[PDB]
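Here we start with a single chain on its own, the form deposited in one PDB entry, put down as structure tokens.
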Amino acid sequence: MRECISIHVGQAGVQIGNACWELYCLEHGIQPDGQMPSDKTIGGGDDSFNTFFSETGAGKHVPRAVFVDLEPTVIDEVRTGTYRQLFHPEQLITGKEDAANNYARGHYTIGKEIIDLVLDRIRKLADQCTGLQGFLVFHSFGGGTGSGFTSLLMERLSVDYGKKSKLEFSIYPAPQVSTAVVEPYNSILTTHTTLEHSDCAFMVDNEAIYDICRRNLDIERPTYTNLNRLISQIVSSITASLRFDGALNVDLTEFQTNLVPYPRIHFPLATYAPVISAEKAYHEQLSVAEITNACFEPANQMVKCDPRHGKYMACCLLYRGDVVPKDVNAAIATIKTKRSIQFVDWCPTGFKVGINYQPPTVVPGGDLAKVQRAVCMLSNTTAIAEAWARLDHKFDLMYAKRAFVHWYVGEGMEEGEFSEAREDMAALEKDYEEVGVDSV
């Protein structure tokens, strides 16, 4: 089997998980209360849901999820919502104050009093697992919980499992837009966990998806529901090969093998091509070449950085629906013909292709349009360093005067650790600059 364990930490992670499990239940025809009427109606016995769901004797399907937060508002929302009857009652909360947006509180002071429960539940889930593939961790750099507790949890997981894959889906802070004052500190502090423990971290920011919603979907006032639905679509596209048959499947292990060129360079961008409203669903062919070209536009990138200011070092294109390999080869040849898309000389192969026969699913009441073809592009490129640099500058502007540092050092953090994380980020930026130079 091909199981994957999903973990959601903090408000952003939990709400993204709400969207993700909504999409998954819609995909596999599982009702909110856990029963699947298709098996009773037809008979079933040949479906594929072990990647995310686990059966019981009564026919209920329980997801392989762990919802974690340091305050109970969001998880109490889930406990009394539409999907209250779906999850196991082990949706773990701290019956106390949250991290309150600082790494030190989430990592050292109050995050150590729930980590035992989280690890015990992860162990129990893994014991039911026979073919475990990896961990999909959802969190946010900006928040205290999503940074500190995620760091602690990933450290413990690396100590315990070690050999298993770990994939991150994080909400990086945007260049201009921001909803907190101490975001740079937490984001820089998460550098160590992102580097040493994570195997491949996919980064997102709210500003880029807001721009995508404004331009493509024709949504003038977008809320977090739309962002979560888009991120859920991307995550479903990533894991589609573990659930359905396709011409060229792509599991997580080979995925990382052909995406990650060096151990420290595991920070790819992600994008989804056919983001189009139902009004614009007509007047467009949406052929394979069209969507593949749409993947590489700077505007459609889900991280506010310019790909044209850096050399592509690897690319993986995961197609869903009615797609023929010859069309994909023609599209990739067309992309290689273009001059603006610069590839590093030491990666002549360039692209990886996977194809799946399951078309994308549409959530009812969602604002995405039904399409026959879709493609998700994950690209390892040097552009992301620019994003790090801008956040780097923000950190300096707040650390010269030691602003807000007393809150952090009052919760078990040492003053010297800030500079250490800063130097680690600087080393990472230097490595990303170094790999981009042409060989001699």
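Numbering starts at 1 and runs along the sequence shown. By rigid core we mean the largest C-alpha set that fits within 1.5 Å across both forms.
Another form, the form deposited in another entry, is not on view; read the next lines as being about it.
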## Note on the structure
Just one entry of 208, 86, 201, 93 has its C-alpha move 2 Å or more between the shown form and the other one under rigid core superposition, and it is 93
### Query
Superposing on the rigid core, do we see a C-alpha displacement of 2 Å or more at residue 400 between the shown form and the other one?
no
### Task
Determine, after fitting the two forms on their core, whether residue 47 shows a C-alpha shift of 2 Å or more between the shown form and the other one.
yes
#### Entry: Shift of residue 38 between the shown form and the other one at or above 2 Å (CA, core fit)
yes
#### Entry: Sense of CA distance change between residue 40 and residue 365 in the other form, threshold 3 Å
farther
### Query
Closer or farther: the CA pair residue 25/residue 40 in the other form, versus this form, with a change of 3 Å or more?
farther
